[PDB]
Undergrad: 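I'd like to ask you about the structure that follows.
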Amino acid sequence: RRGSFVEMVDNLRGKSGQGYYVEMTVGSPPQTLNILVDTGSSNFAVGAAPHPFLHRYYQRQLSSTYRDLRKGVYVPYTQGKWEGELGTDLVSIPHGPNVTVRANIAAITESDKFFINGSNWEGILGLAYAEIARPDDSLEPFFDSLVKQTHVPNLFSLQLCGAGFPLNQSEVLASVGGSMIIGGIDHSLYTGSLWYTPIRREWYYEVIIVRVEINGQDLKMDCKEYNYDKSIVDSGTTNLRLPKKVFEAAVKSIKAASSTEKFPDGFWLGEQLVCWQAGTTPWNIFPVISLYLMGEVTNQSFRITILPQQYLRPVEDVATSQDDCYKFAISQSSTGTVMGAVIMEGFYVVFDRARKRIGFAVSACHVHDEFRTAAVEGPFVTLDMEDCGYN
Ligand SMILES: C[C@@H]1C[C@H]1COC(C)(C)[C@@H]1C[C@H]1[C@]12CN(c3ncccn3)C[C@H]1CSC(N)=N2
């Protein structure tokens, strides 16, 4: 396996709790900013005014290439909001393709619970499709602009690398957090085969889950439940989020598999950390989780399997200790399944926009132990998979 995109390998930093980001520049002369990679939204937006959590921001008045679109944008969401002013400017990715494009930029002027203290990022790169752009689908997303204006192939791929232990801001700054390969697939970043699932519709990166197992035991729900009301791949969500009824069934099964140790309700609610003496985390008592995804071939599926090393998120102790501590990074959703950062950390994920498909392979940087690894395996004969999609 040769790695043919050396310029872009190791261009991400960050972690599942706070986001993975890439360096970008905006304006003339170039203003450098760290930008959250978000496959669950479709706007390119940057801090453009002082904020307690920003150490830098886009200064439109210092860019000779700034263009004012004379239009506001307001982006409320469940846990927060940002608002700002639309414009365009020249944009580059230093550890990216050697191209500069003119792109839409939302200059964030006000926000609430959007920016994250100590995360090191100052803006967001929404990589999903125009349908979910704000204020509407007429605001061309960045990746669309990049493809239209250059010879960059209509594809990107993400290797998000969890450390398997906590990092402070200093360690995050000094550590490689993964790769975003723009326009290609780098063979050094994965092992085994890539398996592809269709993009069901181009809005979010929507997929269809057809079967769920906990340690090989079928959760045995009608597969529509797994995709109620959608299933998406979202680097801008920390957890694996599951629809309420699926969450309840999965947690029951994970508790049963791990029953040799009792954990408090607050742990299963994703609120409370649990800790073990250094090196003694009992990985083996926790089950693997397999999600079967619709394949590209009629009546064929494949599965991705994650370990507790993926779904238990490393956190620092509430106290001063050498304990190894974690939070449970599976949580309930009322807006469908979200395959967030903790599940993406297991896999190299290929967003093949050109062929309307998402590829998964075992990540070369997934955390595991001597006894088990993450897996991507197939094929399986699976019938009536279209019926698993919610309408
Ligand atoms: C792993 C990393 C810590 C995670 C980042 O957390 C925040 C900052 C809350 C993510 C980046 C925020 C959003 C942006 N957004 C949105 N909705 C509609 C239109 C435009 N944008 C919803 C919102 C939550 S979900 C998501 N994918 N993106």
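Just the heavy atoms: all of them, side chains too, but no hydrogens, waters or symmetry mates, feed the values below. Count residues from 1 along the sequence.
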Undergrad: Are the charged groups of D218 and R211 less than 4.0 angstrom apart, N to O?
TA: yes

Undergrad: Should the heavy atoms of other residues, nucleotides or ligands under 6.0 Å from OH of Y58 be counted, would the total exceed 12?
TA: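 Enclosed: over 12 neighbouring heavy atoms sit under 6.0 Å from OH of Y58.
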
Undergrad: Side-chain contact, heavy-atom cut-off 4.5 Å: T25 with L33?
TA: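 No, too far: nothing below the 4.5 Å cut-off.
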
Undergrad: Give, for atom OG of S41 and atom CG of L127, the distance between the pair rounded to the nearest 0.5 Å.
TA: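 It is 8.0 Å, given to the nearest 0.5 Å.
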
Undergrad: Parallel, tilted or perpendicular: which fits the ring planes of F263 and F286, with parallel below 30° and perpendicular above 60°?
TA: tilted

Undergrad: Check this for me, if you would: do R201 and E131 make a salt bridge, where the nitrogen-to-carboxylate-oxygen distance has to be below 4.0 angstrom?
TA: yes

Undergrad: Answer yes or no: are there more than 12 heavy-atom neighbours, outside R70 itself, under 6.0 Å from its atom CZ?
TA: no

Undergrad: Can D144 and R353 be counted as an ion pair, charged N to O under 4.0 angstrom?
TA: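 Yes.
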
Undergrad: Using a strict threshold of under 4.0 Å (side-chain N to carboxylate O), is an ion pair present between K244 and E248?
TA: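 Yes, this pair counts.
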
Undergrad: Between the side chains of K81 and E83, is the shortest nitrogen-to-carboxylate-oxygen separation below 4.0 Å, so that they form an ion pair?
TA: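 No, this pair does not count.
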
Undergrad: Between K230 and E206, is the closest basic N to carboxylate O distance under 4.0 Å?
TA: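 Not counted as a salt bridge, because no side-chain N and carboxylate O are separated by less than 4.0 Å.
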
Undergrad: Just wondering, do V91 and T100 contact through their side chains at under 4.5 Å, heavy atoms?
TA: no

Undergrad: Dump the intermediate steps for salt bridge (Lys or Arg N to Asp or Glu O under 4.0 Å) on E271 and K327, then the final yes or no.
TA: CA-CA 7 Å; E271 292 165 348; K327 285 187 186 172; over 6 Å; no

